[PDB]
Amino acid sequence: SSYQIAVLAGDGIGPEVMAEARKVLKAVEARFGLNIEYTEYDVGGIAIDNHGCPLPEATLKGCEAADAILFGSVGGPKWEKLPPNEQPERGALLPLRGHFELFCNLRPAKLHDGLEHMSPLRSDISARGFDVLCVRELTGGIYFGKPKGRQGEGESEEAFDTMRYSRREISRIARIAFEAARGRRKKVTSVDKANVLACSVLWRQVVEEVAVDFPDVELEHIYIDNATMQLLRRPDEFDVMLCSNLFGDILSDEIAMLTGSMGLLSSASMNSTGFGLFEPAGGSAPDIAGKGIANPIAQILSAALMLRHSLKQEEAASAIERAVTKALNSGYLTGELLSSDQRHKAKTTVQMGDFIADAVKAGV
C-alpha cells in the first residue's frame, strides 16, 4: 500500500548526499501522489562504532521489512586498519547480497553531452561518446563458491577459492541482459575467459542457449583481457556487457572511471521479485565529508533507479532523471565537474539538491 524504504546512509558523504536524495523524493511523493515511509538504520563504519559490527541484526531485520534499500556509502580511513575481511564495505555488502539473493547488478554508464572533456580518454575517443550498461552476476562464481579457506602450515600452507556456476544461475542473469539490450541498441557482449576456465566454457554455452529467445539481439563473446583493452579504443561500440561476478567487478569499475564523472553514476542490485539495493557507484569520499562540496547526483539517481525497478513507478523515476539533465545543462555543476579555472562557479551539495527538487516540483 504505503511503500517502506530502509535508509542505510553509512559513512563519509553518505548522510549529506542522502539528505538531498530524500529532499528530491519528497518532491516526487507530492507530484505523483506516492506514500513512502523511510526508516534509517546504521551500516558500515558507523555501525561498527555504534554496534560492534558492520551489519547489525536490527539493520538486517529492518531491510527484511522494507520494499527496497536506499544505500549511501561505507568505509573510510578509520576502519581501513582492520583486516580486509573485517572492513565495513565487504562486511555490509556481501551478506546483504547473499541474504536477499541479489543476483543482478546493473551499472549504467554514459558520457554526458558537454562533459566529454572530463573522461581520461584522448579527446578524439571521448568526443564519440559512449553509453554502456554492465550487467554483473552478483551471487555466484568465486565470491560465494565453496570450498573456500586455507590448510597446512609454513611453506606449504595454502589458500583456495572456488568459482562455481550452474546453468540456472547463468541463464537468469543472461535473460536480463538480453531483455535490456532490446530496449537499447540490441547488442549483448558477453565477457568470459573460456580459453582457461571451465566456468567460462559453461557461461558461453548457456548464453548461446538463451540467445535463441532473442533473435533480434546481436550476441558476441569477448575474453576479459581483450575487453579491458577494447574499452580504451572503441567504447562506443558496446551496448550491454554481460559479466560474471569477478569479471563484472573489474569491468564495471573500469567503465565508471572512463566517464571521468563518478559522481553521476548509480548502481542497482536486485532479486527476481524486484526488491533491491540502490547505491552510488563511487565511495565514501571521507576527505570532503561535512563540507557541502559532495555531488549528490549519484545518490539522487539511485533513488530514481529504486522507483523504477523496485517500486515500479516509471513516471516518477523518469521525472528525476530529467531534473538531473536540466541541472547538468543549466550549469548546475559541483566542483569536481569543472576545470579548476571554472572552480568558482561550483554549486554546493544543497544548491544541487534544491535545484533538482525544484525542477521536479515545477513539472519537468
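Definition used throughout: the rigid core is the maximal C-alpha set that superposes within 1.5 Å between two forms. In this text, residue numbers run from 1 along the sequence as written.
- Comparing the two stretches 82-90 and 193-201 by root mean square C-alpha distance in 7 other deposited structures of this protein, with all structures fitted on the core, the more displaced one is 82-90.
- Taking 302-310 and 335-343 in turn, the stretch whose Cα atoms are more displaced from the shown form in 7 other deposited structures of this protein following rigid core superposition is 335-343.
- Looking at mean Cα B-factors across 307-315 and 330-338, the upper value is held by 330-338.
- Taking the mean C-alpha B-factor of each stretch as recorded, 280-288 and 168-176 are not equal, and the higher mean is that of 280-288.
- When the C-alpha B-factors of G248, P77, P235, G72 are read from the PDB record, the largest value belongs to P77.
- Of the candidates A323, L34, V43, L301, the PDB record gives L34 the highest C-alpha temperature factor.
- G114: CA B factor lies in the highest third for its chain, per the PDB record.
- In this PDB entry, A362 carries a Cα temperature factor that places it within the highest third of its chain's modelled residues.
- When the modelled residues of the chain are ordered by C-alpha B-factor, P83 sits in the highest third.
- Among the modelled residues of its chain, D225 has a C-alpha B-factor that falls in the lowest third according to the deposited record.
- Per-chain ranking of the deposited C-alpha B factor places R204 in the lowest third.
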